[PDB]
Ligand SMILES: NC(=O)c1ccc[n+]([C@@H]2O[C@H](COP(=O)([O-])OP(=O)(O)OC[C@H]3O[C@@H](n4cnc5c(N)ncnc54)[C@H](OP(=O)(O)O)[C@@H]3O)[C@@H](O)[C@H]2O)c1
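Before any questions on binding or motion, here is one chain by itself as structure tokens, the form deposited without the named molecule.
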């Protein structure tokens, strides 16, 4: 019944604002008591829509106290997901369901294995949101979220509550195919944007590099049972480049801001998966090696 929100991701606050303002029970799970004290001083969660700011006084708490968690939304970086879910594992009720809003792959399976008695649903979202302060989030762009569970493919009954809160979603009976579509899309664009220090539109000047990457990424999708994604991957990459030509990729923004990237769940996960299939991916291998060396050169982690 209650929507417990864990993680400091921008999407978690956007979900919490829409869920709470629609009359659904929502409870924020903040990091520590110091963070809870500052949230109470701010008075609630501030959402910015088209320049207009609104204050949503959602109830909040810390992982140690509170009621049993039956439904948890995990919205954090992929490298923080396992550590975050384990901080509230003592409050999971057995019938608990987890909605994992992490980019890439790897962290979802790690959380699912760490919490065997809980149901971990996978999510892939295109909604844009960024933080402008400790408890202030800007609704940057409308998007769509795909939900699914590889272990239990039947849709839950609470999906209609998301419709009431205006959260666009679709239940997919093969959520792994959706996550692989977006991961292969990330590997073809973001690594080159960091190495070349350019906007996504600048990748038009490297057509053969894009084609060779999608070639190996297409073989990786074919070897994993995702034929439809592999055939349209190249034109899908071309469409995203033209649609986001003036934008800097999310990984380009992470590096320029001196922060850790999610490479361990994007290009690093792809090359890892190709090795397990015995599928050689040399171009992605050197691309991964150049990206890791690029990160280490600036004191940033390479995983």
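Numbering follows the first chain given and starts at 1.
What follows is about the form solved in complex with the named molecule, which we do not show.
- Site accessibility, blocked: after C-alpha superposition of the site, the named molecule as positioned in the entry with it bound shows three or more atoms within 2.4 Å of the backbone or C-beta atoms of the displayed chain.
- A heavy atom within 4.5 Å of the named molecule in the entry with it bound is found for exactly one of 91, 71, 136, 182: 182.
- A heavy atom within 4.5 Å of the named molecule in the entry with it bound is found for exactly one of 150, 225, 201, 128: 128.
- Proximity to the named molecule in the entry with it bound, taken as heavy atoms within 4.5 Å, picks out 7-15 from the listed stretches 7-15, 275-283, 288-296, 20-28.
- Contact check at 4.5 Å (heavy atoms) against the named molecule in the entry with it bound: all three of 35, 77 and 101 pass.
- Although the partner is absent from this view, residue 83 contacts the named molecule in the entry with it bound, with a non-hydrogen atom inside 4.5 angstroms.
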